[PDB]
Each structure stands twice: as C-alpha cells, then as structure tokens.
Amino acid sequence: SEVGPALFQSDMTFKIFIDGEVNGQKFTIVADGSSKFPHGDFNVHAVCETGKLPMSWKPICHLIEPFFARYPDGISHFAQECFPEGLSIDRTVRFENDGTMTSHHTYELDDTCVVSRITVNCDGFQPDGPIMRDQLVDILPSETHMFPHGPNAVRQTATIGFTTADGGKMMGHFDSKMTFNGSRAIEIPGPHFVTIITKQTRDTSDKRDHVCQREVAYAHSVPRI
C-alpha cells in the first residue's frame, strides 16, 4: 500500500522551523530544501530570523532528515516507514569541553514536503570556545550506529566532529531517538550504520545571516570506520 517508502518514490521537499536558545540568547531559524529520488544527497538553505546567529552554524547542521538517507534493500528504512503519520525525535549532542544541545523534533508530511518543527536548548556553551566564537571550519564525516529500540523506535549513537580554525577538532557525543507517531505495525530495522557527509557554507548574498548545506547519507550493514 501507499505508505512508508512508497511515499518516497518521487522528488520531495522539506521545511524546518527551529525555536532555540543558546546560553539564554533566543534565536529563530527557518530552512527549506529538496531531496531528489532515489535520495541520499540532499540540500537545504537556512536563515536566522532574529539577526546574527549567536553561535557557529556548524552545530545546527544536524537540526536542518533521516528519511532522505539512501537505504539498501535488506535494511528497513524506519524513517520512511513512519509516514504518513510521521515521527518525533529526541536528541542530545554533548560537545567535548563545551556545551550540550538538547532538541525535540516533530515531522509531518504535507503532500511531498516533510515539515519539521524543532525546539532546541543549547546550554553551557563556553564563551571563549570555538562554538561561541565561530571558529569551526569544516564538518567531518560521521558513521552513526542505528539500532532498534522497543517496538516503535530506533536509536542512534555517533560522534559528530568539526575542525577548528587553528588545526584542532571539536567532537561531540550524539544520541538521538526516532519514534513513530502512529499505531500500526511498521518494520523495525536490524542494527546498521549510516555514513553522513555534510558540507555547510556561508551564503554571502545580501545582508541576512544564511547558510547552504548539503548532506550525503547512506546506510550499510557493516562499519567502514
């Protein structure tokens, strides 16, 4: 039937609303992108409505689409299977020697546009560290570990990584859970890995604070790192 991956057989779009704060400084972001079939290599553009973003955009990368990873046959694409009802995410990213980002996401489908609403609290960030001083340069590739969790959720663990301006790295520990919002039975995956390659750049057009980002994301059974 017309559920789950059947709703991902065409080109699609996505839209993201983020309500956040960092060290008590409120910010608001909106973002829009597309994912062309067969998925796995998708782009987004994001803008801060509140003015200048008060922290690096790099740690926002994972807030601005698991359902647009490319999955092989043989591994359940849980995130796609969650549609049309959608899914919620609860996620904590803990930056080494720095602060912690805790987010709650909801995802719904409208026609071919997956819309997410996200709240995020970014607490304990170091004022002289490379997040608050905007010193993160590149986003490293990550191999995340996905595993089923209970009857209707999948968890993942990873380390997320950023290079810094003077040749160092900033790593965070990433824990996230996706929960199906419906009640019908959907296929839970076996444990597996997803390779995530991210490239974020500043958009220097005009005056406003905006970025472009691309993500290549693909699943596989055995780790490559």
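Start at 1 and count along the sequence shown; that's the residue number.
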| item | value |
| --- | --- |
| Missing from the model but present in the deposited sequence, between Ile64 and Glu65 | 1 to 3 |
| Greater mean Cα temperature factor according to the PDB record, 91-99 or 122-130 | 122-130 |
| Of 52-60 and 166-174, the stretch whose C-alpha atoms average the higher B-factor in the entry | 166-174 |
| Top residue by Cα temperature factor, when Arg117, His145, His77, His149 are compared in the entry | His149 |
| Third assignment of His210 from its chain's C-alpha B-factors | middle |
| Cα B factor band for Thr204 (lowest, middle or highest third within the chain) | highest |
| Chain-relative CA temperature factor third for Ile29 | lowest |
| Third of the chain, ranked by Cα B-factor, where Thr195 sits | lowest |
| Modelled-residue ranking by C-alpha temperature factor, third containing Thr112 | middle |
